Amino acid sequence: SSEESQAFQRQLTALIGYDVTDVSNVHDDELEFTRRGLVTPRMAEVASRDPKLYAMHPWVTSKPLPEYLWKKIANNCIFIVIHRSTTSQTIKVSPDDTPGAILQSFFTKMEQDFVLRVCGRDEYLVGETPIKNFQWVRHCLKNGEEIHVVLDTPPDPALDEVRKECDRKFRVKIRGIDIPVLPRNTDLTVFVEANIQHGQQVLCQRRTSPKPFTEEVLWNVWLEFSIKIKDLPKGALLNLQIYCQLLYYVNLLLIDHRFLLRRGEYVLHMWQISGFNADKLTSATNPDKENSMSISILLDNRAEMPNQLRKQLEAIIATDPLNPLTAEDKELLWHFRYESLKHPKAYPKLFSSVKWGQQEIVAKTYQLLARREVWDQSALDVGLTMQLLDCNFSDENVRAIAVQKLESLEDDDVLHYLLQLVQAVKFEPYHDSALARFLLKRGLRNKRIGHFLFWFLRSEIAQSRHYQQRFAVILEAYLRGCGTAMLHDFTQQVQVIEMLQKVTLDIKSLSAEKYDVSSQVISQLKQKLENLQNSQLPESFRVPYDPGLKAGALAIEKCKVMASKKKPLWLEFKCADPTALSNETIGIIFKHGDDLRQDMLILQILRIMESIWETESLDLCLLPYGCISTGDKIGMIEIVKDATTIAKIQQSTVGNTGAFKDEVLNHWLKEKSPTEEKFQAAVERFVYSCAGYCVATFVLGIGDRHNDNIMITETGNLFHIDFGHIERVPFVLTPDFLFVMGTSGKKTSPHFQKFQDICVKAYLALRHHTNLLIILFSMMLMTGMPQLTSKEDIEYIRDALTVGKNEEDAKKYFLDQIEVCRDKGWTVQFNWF
Ligand SMILES: CC(C)c1ccc(-c2nccnc2N2CCN(S(=O)(=O)c3cccc(-c4cnc(N)nc4)c3)CC2)cc1
């Protein structure tokens with residue numbers, strides 16, 4: 001242990017926002033044992049990285065260029081503009097031309113130590129991929145934009161260097177609970193519920209004699225369980241709960257990370273309920289020992305299948321993931337488990353029908369995971385895989401076969417699911433896990449993933465007492481192998497970020513619920529930023545939410561506090577890249593108040609929906625604006641250029657409490673549209689945007705929004721914001737939207753025909769992916785929400801997706817929705833006062 005070694009680990013602590021060397025809140029080896037464990041994988045991957053692709057992080061895809069998109073090409077001709085000092089020149093290019101082929105089609109057109117960086121960004125067009133298959137190139141086409149690139153020497157790989165390094169029954173004694181203070185009522189009653197638990201499947205359950213709720217309550221009882229030790233499954237949780245009604249909980253893994261039976265004396269500080277979720281599963285103990293409830297415990301311990309059964313079975317397998325299997329359903333799946341293995345789709349339900357509390361049966365389960373041959377051959381199906389990592393499955397080998405499948409994902413896809421897989425670590429019974437390692441693999445393999453992984457992790461470590469230890473050990477594994485380049489970038493980012501959390505907090509306090517932003521408050525802000533620039537704040541930091549963009553110095557004059565309840569900052573920066581084609585500013589918001597994580601989740605689903613729509617050549621021009629959480633109820637938000645609220649547009653001359661008129665929206669588009677044809681573009685863009693956000697929100701159950709939370713770009717692109725948050729209407733199709741389509745109050749139109757038609761395809765498109773959507777929603781709710789319901793709240797989505805139903809009744813159901821919204825018109829909007 002050098003110094004060196006410490007100062008490093010010190011900077012590491014500073015990045016993570018947690019100290020993984022601290023052993024104050026542990027009762028065993030596991031975290032430390034996971035740190036040592038993760039080294040081998042980290043290394044393996046570090047020592048395997050192609051150093052120059054690593055350094056240049058090409059952002060590519062194996063996916064076919066969508067149709068829409070194809071019809072935006074001259075004649076197998078794509079234009080590119082290169083630059084060298086204050087020089088330029090275009091090259092015609094064909095979609096399949098490699099970069100190398102291009103670069104050489106230039107040295108011919110009149111050394112190899114030169115490469116194609118995109119202008120303004122830290123992004124590269126290198127490696128063996130068709131230009132069509134780079135994402136920037138795809139982003140350029142979508143947005144009607146010209147592709148601009150600089151020529152310069154490759155960044156040095158050496159910059160990215162890493163630094164070296166029994167048959168008896170189970171019982172538990174319940175000695176007693178203790179708590180420094182009570183006053184919440186006066187004397188009620190309370191017992192302890194000991195639960196043996198696997199995939200949230202309760203295996204066995206005992207309670208204690210009631211007693212009255214004194215600051216201390218001893219028992220002091222042995223509690224015997226049905227189950228025998230030998231039949232305890234790896235991953236079993238002793239789950240201890242205190243009822244009056246449910247008030248505190250805490251879990252103890254019964255089998256440890258060396259497969260030993262947990263044996264001895266414990267004092268487990270519990271977690272409290274704040275009135276079915278991932279926080280309830282945790283092995284973590286409450287780190288706040290001053291105030292927490294405390295519990296105390298001692299551990300001393302061939303042939304075929306008849307027509308209609310096959311059909312009963314297949315009926316069951318066909319079912320959705322929320323369709324509950326009866327004991328019949330289960331006995332059937334198990335008994336015919338060999339038939340079952342022939343369908344990858346039957347797996348969740350099959351392994352949900354394993355009696356894990358029986359060792360002989362567990363044994364048999366492994367026996368048939370030995371015969372993996374159909375699973376292995378099957379085409380990856382992220383929904384199906386993802387199901388094998390929720391709270392229902394808590395066996396190492398099951399979850400491993402899932403992860404096995406994710407290995408075949410290319411980078412492109414990993415990013416789409418990165419946040420949910422990170423969150424899936426909540427359901428892991430152990431700190432080291434296939435899933436953990438896979439994230440760590442992939443993050444270390446590709447810079448882009450490695451960046452979003454860093455913040456996704458840090459996001460939780462900063463504000464999940466229940467999991468911050470675990471995720472911290474993992475964040476460390478990453479940072480220990482990601483390269484000094486990136487430590488530097490991160491360290492800077494964190495520093496910028498922390499600075500701005502202070503400024504944002506100091507300011508919020510300096511403002512009460514008077515809805516006005518007084519100049520001596522804007523005096524304070526304007527100043528504070530100067531007093532930081534100046535200090536302290538570095539020459540340039542990399543934009544999380546979009547790590548292609550570097551930001552440098554503030555544009556103070558353009559910065560402002562926002563005249564909303566939360567008083568968020570609205571910060572604009574210059575772009576530290578001297579090469580970009582514009583002067584448009586880099587705009588970031590900061591915000592204390594709401595839990596930003598919920599927002600990240602809805603956005604990432606929104607991207608999963610967009611990509612689905614690509615697989616059927618649909619483009620609904622969502623804007624999932626960038627949004628990274630950073631700390632307790634605080635994070636950051638992308639500023640979407642040339643955009644206003646819809647509320648803001650209604651407060652025209654048509655002002656505050658007296659509103660709203662149907663046209664208005666329309667003039668604003670024309671007012672802001674240079675030519676009647678660009679205006680024309682906008683109504684297209686709008687018809688689409690509207691389609692997207694209508695189906696999306698409906699499905700996600702966030703349909704019904706006041707329009708101060710709905711926005712639109714000058715160019716016609718509408719978009720919800722502030723998912724916050726948390727007489728109805730299924731969505732915000734208000735008469736002002738409808739005219740512009742040209743139809744109010746209840747007629748019809750070319751565009752409202754178009755609109756209707758587009759939704760119908762979109763809804764249906766999503767329905768072709770019911771299961772994936774169901775698992776994500778379900779996962780979204782358990783890993784990121786306040787009050788939920790292991791049935792009802794999650795079952796919302798099966799309904800909104802109209803599971804059951806032929807293609808027809810679905811389409812019908814949706815146009816009703818539309819008609820509901822019209823009935824109706826301005827009712828709800830008005831109702832918000
Ligand atoms: C930016 C201006 C046009 C604005 C001002 C106030 C409001 C607003 N009005 C009523 C109620 N709430 C409001 N919010 C302002 C701040 N936001 S936010 O910071 O959490 C947020 C969330 C999502 C998107 C945005 C955003 C991004 N880019 C731009 N250009 N504008 C807004 C801002 C919450 C909602 C919306 C937009």
# chains A, B, ... in the order shown; residues from 1 in each chain; ligands from 1

$ select_by_dssp --residues "region 222-357 of chain A" --states "helix (DSSP H, G or I)" --output "ChimeraX atom specification"
/A:229-231,278-281,307-318,327-335,337-340,344-351

$ residues_around --residues "region 404-416 of chain A" --least-positions-apart "3" --cutoff "8 Å" --atoms "only C-alpha atoms" --output "ChimeraX atom specification"
/A:59-61,376,380,382,385,400-401,419,438,442,446,449,604,607-608

$ residues_near_ligand --ligand "ligand 1" --cutoff "7 Å" --atoms "only C-alpha atoms and all ligand atoms" --output "ChimeraX atom specification"
/A:562-564,568,589-591,637-645,708-709,721-722

$ write_last_selection --atoms "N, CA, C and O atoms" --output "PDB file, in the first residue's frame"
ATOM      1  N   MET A 562     -36.005  30.109 -13.268  1.00  0.00           N
ATOM      2  CA  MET A 562     -37.013  29.831 -14.310  1.00  0.00           C
ATOM      3  C   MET A 562     -38.466  30.259 -14.101  1.00  0.00           C
ATOM      4  O   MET A 562     -39.312  30.074 -14.999  1.00  0.00           O
ATOM      5  N   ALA A 563     -38.765  30.867 -12.972  1.00  0.00           N
ATOM      6  CA  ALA A 563     -40.133  31.279 -12.736  1.00  0.00           C
ATOM      7  C   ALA A 563     -40.996  30.020 -12.798  1.00  0.00           C
ATOM      8  O   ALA A 563     -41.948  29.925 -13.584  1.00  0.00           O
ATOM      9  N   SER A 564     -40.587  29.037 -12.001  1.00  0.00           N
ATOM     10  CA  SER A 564     -41.420  27.892 -11.659  1.00  0.00           C
ATOM     11  C   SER A 564     -41.247  27.546 -10.181  1.00  0.00           C
ATOM     12  O   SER A 564     -40.256  27.926  -9.555  1.00  0.00           O
ATOM     13  N   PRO A 568     -35.665  26.176 -11.020  1.00  0.00           N
ATOM     14  CA  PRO A 568     -34.480  25.594 -11.619  1.00  0.00           C
ATOM     15  C   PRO A 568     -33.588  26.611 -12.327  1.00  0.00           C
ATOM     16  O   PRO A 568     -34.082  27.630 -12.798  1.00  0.00           O
ATOM     17  N   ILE A 589     -30.135  22.657 -17.845  1.00  0.00           N
ATOM     18  CA  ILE A 589     -30.878  23.024 -16.652  1.00  0.00           C
ATOM     19  C   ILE A 589     -30.311  22.258 -15.469  1.00  0.00           C
ATOM     20  O   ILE A 589     -29.774  21.180 -15.652  1.00  0.00           O
ATOM     21  N   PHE A 590     -30.394  22.837 -14.274  1.00  0.00           N
ATOM     22  CA  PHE A 590     -30.214  22.096 -13.010  1.00  0.00           C
ATOM     23  C   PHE A 590     -31.428  22.218 -12.093  1.00  0.00           C
ATOM     24  O   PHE A 590     -32.097  23.259 -12.074  1.00  0.00           O
ATOM     25  N   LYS A 591     -31.706  21.168 -11.321  1.00  0.00           N
ATOM     26  CA  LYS A 591     -32.975  21.122 -10.581  1.00  0.00           C
ATOM     27  C   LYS A 591     -32.949  20.249  -9.321  1.00  0.00           C
ATOM     28  O   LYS A 591     -32.684  19.057  -9.425  1.00  0.00           O
ATOM     29  N   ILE A 637     -30.701  18.540 -17.045  1.00  0.00           N
ATOM     30  CA  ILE A 637     -31.697  18.429 -18.119  1.00  0.00           C
ATOM     31  C   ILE A 637     -31.261  19.143 -19.392  1.00  0.00           C
ATOM     32  O   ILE A 637     -30.771  20.264 -19.330  1.00  0.00           O
ATOM     33  N   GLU A 638     -31.453  18.519 -20.547  1.00  0.00           N
ATOM     34  CA  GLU A 638     -31.050  19.138 -21.801  1.00  0.00           C
ATOM     35  C   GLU A 638     -32.009  20.253 -22.134  1.00  0.00           C
ATOM     36  O   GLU A 638     -33.208  20.065 -22.013  1.00  0.00           O
ATOM     37  N   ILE A 639     -31.470  21.401 -22.553  1.00  0.00           N
ATOM     38  CA  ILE A 639     -32.277  22.488 -23.085  1.00  0.00           C
ATOM     39  C   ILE A 639     -32.526  22.314 -24.576  1.00  0.00           C
ATOM     40  O   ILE A 639     -31.590  22.407 -25.366  1.00  0.00           O
ATOM     41  N   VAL A 640     -33.787  22.092 -24.945  1.00  0.00           N
ATOM     42  CA  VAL A 640     -34.171  21.885 -26.332  1.00  0.00           C
ATOM     43  C   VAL A 640     -34.334  23.231 -26.986  1.00  0.00           C
ATOM     44  O   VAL A 640     -35.129  24.042 -26.540  1.00  0.00           O
ATOM     45  N   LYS A 641     -33.607  23.431 -28.073  1.00  0.00           N
ATOM     46  CA  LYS A 641     -33.522  24.714 -28.734  1.00  0.00           C
ATOM     47  C   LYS A 641     -34.809  25.041 -29.464  1.00  0.00           C
ATOM     48  O   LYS A 641     -35.484  24.147 -29.977  1.00  0.00           O
ATOM     49  N   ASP A 642     -35.106  26.340 -29.515  1.00  0.00           N
ATOM     50  CA  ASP A 642     -36.251  26.898 -30.239  1.00  0.00           C
ATOM     51  C   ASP A 642     -37.540  26.194 -29.869  1.00  0.00           C
ATOM     52  O   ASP A 642     -38.247  25.643 -30.716  1.00  0.00           O
ATOM     53  N   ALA A 643     -37.833  26.218 -28.578  1.00  0.00           N
ATOM     54  CA  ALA A 643     -38.965  25.488 -28.019  1.00  0.00           C
ATOM     55  C   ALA A 643     -39.708  26.312 -26.962  1.00  0.00           C
ATOM     56  O   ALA A 643     -39.098  27.059 -26.195  1.00  0.00           O
ATOM     57  N   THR A 644     -41.030  26.182 -26.936  1.00  0.00           N
ATOM     58  CA  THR A 644     -41.836  26.799 -25.887  1.00  0.00           C
ATOM     59  C   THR A 644     -42.841  25.824 -25.376  1.00  0.00           C
ATOM     60  O   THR A 644     -43.187  24.861 -26.044  1.00  0.00           O
ATOM     61  N   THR A 645     -43.341  26.151 -24.199  1.00  0.00           N
ATOM     62  CA  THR A 645     -44.440  25.460 -23.583  1.00  0.00           C
ATOM     63  C   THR A 645     -45.644  25.778 -24.411  1.00  0.00           C
ATOM     64  O   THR A 645     -45.590  26.683 -25.210  1.00  0.00           O
ATOM     65  N   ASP A 708     -48.785  23.194 -19.403  1.00  0.00           N
ATOM     66  CA  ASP A 708     -47.536  23.829 -18.972  1.00  0.00           C
ATOM     67  C   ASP A 708     -46.362  22.812 -18.988  1.00  0.00           C
ATOM     68  O   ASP A 708     -45.176  23.197 -18.937  1.00  0.00           O
ATOM     69  N   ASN A 709     -46.726  21.523 -19.047  1.00  0.00           N
ATOM     70  CA  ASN A 709     -45.811  20.400 -19.204  1.00  0.00           C
ATOM     71  C   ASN A 709     -45.866  19.759 -20.597  1.00  0.00           C
ATOM     72  O   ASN A 709     -45.651  18.570 -20.753  1.00  0.00           O
ATOM     73  N   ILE A 721     -42.757  16.908 -21.223  1.00  0.00           N
ATOM     74  CA  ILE A 721     -41.588  17.082 -20.356  1.00  0.00           C
ATOM     75  C   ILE A 721     -41.985  16.861 -18.914  1.00  0.00           C
ATOM     76  O   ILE A 721     -43.134  16.765 -18.624  1.00  0.00           O
ATOM     77  N   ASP A 722     -41.005  16.804 -18.026  1.00  0.00           N
ATOM     78  CA  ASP A 722     -41.206  16.746 -16.569  1.00  0.00           C
ATOM     79  C   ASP A 722     -42.074  15.621 -16.053  1.00  0.00           C
ATOM     80  O   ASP A 722     -43.034  15.845 -15.375  1.00  0.00           O
TER      81      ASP A 722
END

$ residues_around --residues "residue 420 (chain A)" --least-positions-apart "4" --cutoff "8 Å" --atoms "only C-alpha atoms" --output "MDAnalysis selection string"
chainID A and resid 424 601 776 779:780

$ closest_atom_pairs --of "region 336-448 of chain A" --to "region 232-249 of chain A" --cutoff "12 Å" --atoms "only C-alpha atoms" --output "JSON lines"
{"residue": "A:354", "atom": "CA", "partner": "A:233", "partner_atom": "CA", "distance": 11.6}
{"residue": "A:355", "atom": "CA", "partner": "A:233", "partner_atom": "CA", "distance": 10.2}
{"residue": "A:356", "atom": "CA", "partner": "A:233", "partner_atom": "CA", "distance": 6.5}
{"residue": "A:357", "atom": "CA", "partner": "A:232", "partner_atom": "CA", "distance": 6.0}
{"residue": "A:358", "atom": "CA", "partner": "A:232", "partner_atom": "CA", "distance": 7.4}
{"residue": "A:359", "atom": "CA", "partner": "A:232", "partner_atom": "CA", "distance": 7.3}
{"residue": "A:360", "atom": "CA", "partner": "A:233", "partner_atom": "CA", "distance": 10.9}
{"residue": "A:361", "atom": "CA", "partner": "A:233", "partner_atom": "CA", "distance": 10.7}
{"residue": "A:362", "atom": "CA", "partner": "A:233", "partner_atom": "CA", "distance": 8.0}
{"residue": "A:363", "atom": "CA", "partner": "A:233", "partner_atom": "CA", "distance": 10.4}
{"residue": "A:391", "atom": "CA", "partner": "A:235", "partner_atom": "CA", "distance": 11.9}
{"residue": "A:393", "atom": "CA", "partner": "A:235", "partner_atom": "CA", "distance": 9.9}
{"residue": "A:394", "atom": "CA", "partner": "A:235", "partner_atom": "CA", "distance": 6.3}
{"residue": "A:395", "atom": "CA", "partner": "A:235", "partner_atom": "CA", "distance": 6.4}
{"residue": "A:396", "atom": "CA", "partner": "A:235", "partner_atom": "CA", "distance": 7.8}
{"residue": "A:397", "atom": "CA", "partner": "A:234", "partner_atom": "CA", "distance": 10.4}
{"residue": "A:398", "atom": "CA", "partner": "A:235", "partner_atom": "CA", "distance": 11.9}
{"residue": "A:399", "atom": "CA", "partner": "A:235", "partner_atom": "CA", "distance": 11.7}
{"residue": "A:427", "atom": "CA", "partner": "A:235", "partner_atom": "CA", "distance": 10.9}
{"residue": "A:428", "atom": "CA", "partner": "A:235", "partner_atom": "CA", "distance": 9.0}
{"residue": "A:429", "atom": "CA", "partner": "A:235", "partner_atom": "CA", "distance": 5.8}
{"residue": "A:430", "atom": "CA", "partner": "A:235", "partner_atom": "CA", "distance": 7.8}
{"residue": "A:431", "atom": "CA", "partner": "A:235", "partner_atom": "CA", "distance": 11.5}
{"residue": "A:433", "atom": "CA", "partner": "A:235", "partner_atom": "CA", "distance": 11.8}

$ select_by_dssp --residues "region 507-604 of chain A" --states "strand (DSSP E)" --output "list in words"
residues 541, 542, 550, 551, 560, 561, 569, 570, 571, 572, 573, 586, 587, 588, 589, 590, 591 and 592 of chain A

$ write_last_selection --atoms "N, CA, C and O atoms" --output "PDB file, in the first residue's frame"
ATOM      1  N   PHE A 541     -15.695  21.084 -19.673  1.00  0.00           N
ATOM      2  CA  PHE A 541     -16.175  19.803 -19.164  1.00  0.00           C
ATOM      3  C   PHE A 541     -17.142  19.161 -20.143  1.00  0.00           C
ATOM      4  O   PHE A 541     -17.844  19.838 -20.896  1.00  0.00           O
ATOM      5  N   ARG A 542     -17.204  17.840 -20.080  1.00  0.00           N
ATOM      6  CA  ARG A 542     -17.918  17.045 -21.068  1.00  0.00           C
ATOM      7  C   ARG A 542     -19.370  16.919 -20.642  1.00  0.00           C
ATOM      8  O   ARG A 542     -19.652  16.720 -19.462  1.00  0.00           O
ATOM      9  N   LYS A 550     -18.365  18.895 -25.590  1.00  0.00           N
ATOM     10  CA  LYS A 550     -17.601  19.592 -24.541  1.00  0.00           C
ATOM     11  C   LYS A 550     -18.229  20.976 -24.327  1.00  0.00           C
ATOM     12  O   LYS A 550     -18.530  21.678 -25.293  1.00  0.00           O
ATOM     13  N   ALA A 551     -18.391  21.378 -23.070  1.00  0.00           N
ATOM     14  CA  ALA A 551     -18.808  22.737 -22.738  1.00  0.00           C
ATOM     15  C   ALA A 551     -17.642  23.455 -22.076  1.00  0.00           C
ATOM     16  O   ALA A 551     -16.920  22.850 -21.313  1.00  0.00           O
ATOM     17  N   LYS A 560     -30.537  32.011 -16.382  1.00  0.00           N
ATOM     18  CA  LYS A 560     -31.674  32.505 -15.628  1.00  0.00           C
ATOM     19  C   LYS A 560     -32.335  31.473 -14.694  1.00  0.00           C
ATOM     20  O   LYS A 560     -32.306  30.270 -14.940  1.00  0.00           O
ATOM     21  N   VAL A 561     -32.934  31.965 -13.617  1.00  0.00           N
ATOM     22  CA  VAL A 561     -33.826  31.166 -12.765  1.00  0.00           C
ATOM     23  C   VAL A 561     -35.247  31.200 -13.364  1.00  0.00           C
ATOM     24  O   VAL A 561     -35.654  32.221 -13.899  1.00  0.00           O
ATOM     25  N   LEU A 569     -32.289  26.335 -12.403  1.00  0.00           N
ATOM     26  CA  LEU A 569     -31.380  27.168 -13.178  1.00  0.00           C
ATOM     27  C   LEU A 569     -31.517  26.802 -14.630  1.00  0.00           C
ATOM     28  O   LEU A 569     -31.919  25.701 -14.939  1.00  0.00           O
ATOM     29  N   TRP A 570     -31.197  27.748 -15.510  1.00  0.00           N
ATOM     30  CA  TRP A 570     -31.224  27.558 -16.945  1.00  0.00           C
ATOM     31  C   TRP A 570     -29.906  28.088 -17.333  1.00  0.00           C
ATOM     32  O   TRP A 570     -29.695  29.280 -17.302  1.00  0.00           O
ATOM     33  N   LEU A 571     -28.987  27.197 -17.644  1.00  0.00           N
ATOM     34  CA  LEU A 571     -27.630  27.593 -17.888  1.00  0.00           C
ATOM     35  C   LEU A 571     -27.327  27.404 -19.344  1.00  0.00           C
ATOM     36  O   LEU A 571     -27.745  26.420 -19.927  1.00  0.00           O
ATOM     37  N   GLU A 572     -26.622  28.357 -19.938  1.00  0.00           N
ATOM     38  CA  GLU A 572     -26.184  28.232 -21.312  1.00  0.00           C
ATOM     39  C   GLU A 572     -24.681  28.328 -21.293  1.00  0.00           C
ATOM     40  O   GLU A 572     -24.120  29.101 -20.518  1.00  0.00           O
ATOM     41  N   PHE A 573     -24.036  27.488 -22.098  1.00  0.00           N
ATOM     42  CA  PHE A 573     -22.581  27.489 -22.218  1.00  0.00           C
ATOM     43  C   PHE A 573     -22.161  27.687 -23.648  1.00  0.00           C
ATOM     44  O   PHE A 573     -22.914  27.424 -24.598  1.00  0.00           O
ATOM     45  N   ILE A 586     -24.774  25.698 -25.669  1.00  0.00           N
ATOM     46  CA  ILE A 586     -25.080  24.425 -25.035  1.00  0.00           C
ATOM     47  C   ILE A 586     -25.859  24.743 -23.767  1.00  0.00           C
ATOM     48  O   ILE A 586     -25.322  25.340 -22.824  1.00  0.00           O
ATOM     49  N   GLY A 587     -27.124  24.340 -23.750  1.00  0.00           N
ATOM     50  CA  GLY A 587     -28.024  24.713 -22.678  1.00  0.00           C
ATOM     51  C   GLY A 587     -28.338  23.579 -21.725  1.00  0.00           C
ATOM     52  O   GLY A 587     -28.818  22.528 -22.122  1.00  0.00           O
ATOM     53  N   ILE A 588     -28.087  23.812 -20.452  1.00  0.00           N
ATOM     54  CA  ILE A 588     -28.339  22.823 -19.438  1.00  0.00           C
ATOM     55  C   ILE A 588     -29.162  23.418 -18.328  1.00  0.00           C
ATOM     56  O   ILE A 588     -28.911  24.538 -17.910  1.00  0.00           O
ATOM     57  N   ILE A 589     -30.135  22.657 -17.845  1.00  0.00           N
ATOM     58  CA  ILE A 589     -30.878  23.024 -16.652  1.00  0.00           C
ATOM     59  C   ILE A 589     -30.311  22.258 -15.469  1.00  0.00           C
ATOM     60  O   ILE A 589     -29.774  21.180 -15.652  1.00  0.00           O
ATOM     61  N   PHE A 590     -30.394  22.837 -14.274  1.00  0.00           N
ATOM     62  CA  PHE A 590     -30.214  22.096 -13.010  1.00  0.00           C
ATOM     63  C   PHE A 590     -31.428  22.218 -12.093  1.00  0.00           C
ATOM     64  O   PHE A 590     -32.097  23.259 -12.074  1.00  0.00           O
ATOM     65  N   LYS A 591     -31.706  21.168 -11.321  1.00  0.00           N
ATOM     66  CA  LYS A 591     -32.975  21.122 -10.581  1.00  0.00           C
ATOM     67  C   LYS A 591     -32.949  20.249  -9.321  1.00  0.00           C
ATOM     68  O   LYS A 591     -32.684  19.057  -9.425  1.00  0.00           O
ATOM     69  N   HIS A 592     -33.196  20.866  -8.153  1.00  0.00           N
ATOM     70  CA  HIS A 592     -33.538  20.150  -6.906  1.00  0.00           C
ATOM     71  C   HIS A 592     -35.054  20.089  -6.816  1.00  0.00           C
ATOM     72  O   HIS A 592     -35.720  21.073  -7.175  1.00  0.00           O
TER      73      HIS A 592
END

$ closest_residue --among "A:189, A:540, A:2, A:484" --to "residue 55 (chain A)" --atoms "only C-alpha atoms"
A:484

$ residues_around --residues "region 324-334 of chain A" --least-positions-apart "6" --cutoff "9 Å" --atoms "only C-alpha atoms" --output "VMD selection string"
chain A and resid 309 312 to 313 316 to 317 340 346 349 to 354

$ closest_residue --among "A:282, A:770, A:300, A:208" --to "residue 168 (chain A)" --atoms "only C-alpha atoms"
A:300

$ closest_residue --among "A:19, A:594, A:676, A:792" --to "residue 462 (chain A)" --atoms "only C-alpha atoms"
A:19

$ closest_residue --among "A:258, A:173, A:445, A:558" --to "residue 50 (chain A)" --atoms "only C-alpha atoms"
A:445

$ residues_around --residues "region 158-163 of chain A" --least-positions-apart "4" --cutoff "8 Å" --atoms "only C-alpha atoms" --output "ChimeraX atom specification"
/A:55,480-486

$ residues_around --residues "residue 754 (chain A)" --least-positions-apart "4" --cutoff "8 Å" --atoms "only C-alpha atoms" --output "PyMOL selection string"
chain A and resi 687+750+758

$ residues_around --residues "residue 696 (chain A)" --least-positions-apart "5" --cutoff "10 Å" --atoms "only C-alpha atoms" --output "short mmCIF file (atom, residue, chain, number, x, y, z; two decimals) with N, CA, C and O atoms, in the first residue's frame"
data_model
loop_
_atom_site.label_atom_id
_atom_site.label_comp_id
_atom_site.auth_asym_id
_atom_site.auth_seq_id
_atom_site.Cartn_x
_atom_site.Cartn_y
_atom_site.Cartn_z
N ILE A 602 -38.57 6.84 -17.83
CA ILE A 602 -39.61 7.09 -18.87
C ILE A 602 -39.00 7.48 -20.21
O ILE A 602 -39.42 7.01 -21.26
N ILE A 605 -37.48 4.26 -21.84
CA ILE A 605 -38.55 3.55 -22.51
C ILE A 605 -38.96 4.24 -23.80
O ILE A 605 -39.21 3.57 -24.81
N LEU A 606 -39.05 5.58 -23.76
CA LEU A 606 -39.44 6.33 -24.94
C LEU A 606 -38.52 6.03 -26.12
O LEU A 606 -38.96 5.89 -27.24
N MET A 609 -39.36 2.52 -27.41
CA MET A 609 -40.49 2.69 -28.34
C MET A 609 -40.08 3.25 -29.73
O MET A 609 -40.58 2.81 -30.77
N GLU A 610 -39.19 4.24 -29.75
CA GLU A 610 -38.78 4.82 -31.01
C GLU A 610 -38.16 3.72 -31.86
O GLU A 610 -38.65 3.42 -32.96
N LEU A 622 -40.22 11.78 -31.64
CA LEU A 622 -40.18 12.13 -30.24
C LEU A 622 -38.94 13.00 -30.06
O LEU A 622 -38.08 13.03 -30.92
N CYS A 690 -47.35 14.45 -32.33
CA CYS A 690 -48.58 14.26 -31.60
C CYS A 690 -48.97 12.79 -31.52
O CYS A 690 -49.45 12.30 -30.50
N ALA A 691 -48.74 12.10 -32.63
CA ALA A 691 -49.09 10.68 -32.72
C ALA A 691 -48.28 9.94 -31.68
O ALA A 691 -48.83 9.15 -30.87
N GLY A 701 -49.33 5.28 -19.19
CA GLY A 701 -50.30 5.67 -18.16
C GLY A 701 -50.06 7.07 -17.64
O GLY A 701 -50.49 7.42 -16.55
N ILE A 702 -49.40 7.88 -18.44
CA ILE A 702 -49.03 9.25 -18.06
C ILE A 702 -49.68 10.19 -19.07
O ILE A 702 -49.15 11.25 -19.43
N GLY A 703 -50.86 9.78 -19.53
CA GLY A 703 -51.53 10.43 -20.64
C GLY A 703 -52.03 11.83 -20.38
O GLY A 703 -52.08 12.64 -21.28
N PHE A 731 -55.31 11.17 -23.25
CA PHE A 731 -54.16 12.02 -23.64
C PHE A 731 -54.53 13.48 -24.00
O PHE A 731 -55.71 13.87 -24.06
N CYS A 759 -51.25 6.90 -35.53
CA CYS A 759 -51.53 6.28 -34.21
C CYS A 759 -51.81 4.78 -34.32
O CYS A 759 -51.23 3.97 -33.60
N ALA A 762 -48.95 2.80 -34.97
CA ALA A 762 -48.04 2.94 -33.83
C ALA A 762 -48.42 2.08 -32.64
O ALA A 762 -47.58 1.38 -32.07
N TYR A 763 -49.68 2.19 -32.25
CA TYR A 763 -50.23 1.39 -31.16
C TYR A 763 -50.01 -0.08 -31.46
O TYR A 763 -49.43 -0.80 -30.67
N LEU A 766 -46.38 -1.24 -31.19
CA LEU A 766 -46.05 -1.53 -29.80
C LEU A 766 -46.62 -2.88 -29.38
O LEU A 766 -45.90 -3.69 -28.78
#

$ closest_atom_pairs --of "region 297-373 of chain A" --to "region 799-818 of chain A" --cutoff "12 Å" --atoms "only C-alpha atoms" --output "CSV"
residue,atom,partner,partner_atom,distance
A:318,CA,A:804,CA,10.7
A:319,CA,A:804,CA,9.1
A:320,CA,A:803,CA,7.7
A:321,CA,A:803,CA,10.7
A:322,CA,A:803,CA,10.3
A:323,CA,A:803,CA,10.3
